[PDB]
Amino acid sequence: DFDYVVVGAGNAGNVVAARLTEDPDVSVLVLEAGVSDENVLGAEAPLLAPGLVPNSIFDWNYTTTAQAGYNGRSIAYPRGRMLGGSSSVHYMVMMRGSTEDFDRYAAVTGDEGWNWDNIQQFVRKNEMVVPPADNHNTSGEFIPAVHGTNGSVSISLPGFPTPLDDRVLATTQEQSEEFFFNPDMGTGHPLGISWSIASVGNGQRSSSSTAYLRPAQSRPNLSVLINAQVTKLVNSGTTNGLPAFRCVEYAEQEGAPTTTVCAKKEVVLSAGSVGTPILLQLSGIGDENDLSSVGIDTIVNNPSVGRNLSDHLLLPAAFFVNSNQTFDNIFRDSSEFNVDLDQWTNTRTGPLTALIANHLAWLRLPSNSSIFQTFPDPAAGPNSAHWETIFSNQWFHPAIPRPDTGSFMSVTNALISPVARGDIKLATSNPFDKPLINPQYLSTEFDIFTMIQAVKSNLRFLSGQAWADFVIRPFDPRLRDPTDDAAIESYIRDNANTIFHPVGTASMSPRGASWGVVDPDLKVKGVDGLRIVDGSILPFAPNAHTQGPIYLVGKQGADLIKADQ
């Protein structure tokens, strides 16, 4: 049998599998619930990413419970269900977080190994900078010294330019008190307006399966099974005075017979922020009251399982623009799409290599904001963000289809420092039934107050000279008057959604602490022979879209595992 098993084949799970098998005497089995990523056009051409999920064979098809903060709406909660995990369906944007995120992870676990300086070594293992598809001069768009040159994931500057780029840059000069330029987020200082960097190499997706699992596939000590959903972690004995969890049961689908396999050393859960708590609950590790309400016997009582869920909420907003160079028609006119598909297929250049956004703004509330009279600042620290703004050359909205007429740019906000916390729980003890995902969006005065300010900021930005001949009007007339707080708040609660960055449902904490699910070396508290390496362990939302930090976790976690061999 195998030394390790390998719970999901995702953003962090593929790092662990590929790193452990560098040593030819260590065998790993990866169990992935989903299908192959191989020759899925929508997962290779960057521009086609938004279409892949939610309603599809590549998605788990999760939704949230009804949100009172969103006037009663449930929203889709997409997750990738295939080789590469969510790294095969994401928008490829790459950044690591602020220095304050990592120093706070160190301070709260007691382990200086997490921690901005000590983590930089993994950015170098993790990434290499390669040319943008259009091969433009990237001089002054990032700082080469703070990025990798030899690591596994290919990253680059935007591969196709847009009419927004020069206007964003001119706003950073016209409006520099509020919107100054940031040369590179890799400094650990996220604030300001920076050029996007994305996990794209040679005009296509660089994902965790392309970058780690595929090169490693010729190894005889690595084994990868797809269509293999783990349905139970099995309490396999008692070792080191604790219940041991080194066996798993897996099946192809509901109703099929289950296969049992064991690890000699450890089972590694890399099922992500939704997949990991629910699997623990299904195996009897979680809140005793919740488990017995659904007919499950508790083996380890730990109420932190599935709690402390943080996410970045999303606010979308489209504006009509005077332009024929937006990406909207690629999605409406088949001739145009096919001309750009041909160029992409033959040369890996043109519109299909384009990103969701070429520029990103990371922003704070004023130091004397009235909200601070009743909330302590929820930012990771004074050099970190309250919100983000993302500028796209088309219509972008997760819940409203692109209109048939009009050219658009969109201004999407993400709330980076929420006060809200939610949970993930079981509705039933059937591993094939969907979970109850309740992020509790806009359930605090800080969260709604900040999104109102975010909209006023968006409107000062679009009112600059650079936009005068370009922006015509908002798609939604509630975005016309920046002084009308009632109209703005109505807009936010009818439109806010998610930007897909859940963390925290299996939080790491100090050894012995009375909250958290894992120790700082990522071992499950109250159990022997089980380790968690994915997004679920991060105890706070970072200053980053979450592939960047999650790859660092995948990287320290592989080392943490080797250190106990």
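When you see a residue number, it is the position in the sequence shown, counting from 1.
- Looking at mean Cα B-factors across 316-324 and 212-220, the upper value is held by 212-220.
- Annotation for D184: C-alpha temperature factor in the middle third relative to the rest of the modelled chain, per the entry.
- The PDB entry assigns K525 a C-alpha temperature factor belonging to the lowest third of its chain's modelled residues.
- When the modelled residues of the chain are ordered by their C-alpha B factor, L436 lands in the highest third.
- Per the deposited record, the Cα B-factor of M95 falls in the lowest third when ranked against the other modelled residues of its chain.
- Among the modelled residues of the chain, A107 sits in the middle third by CA temperature factor in this PDB entry.
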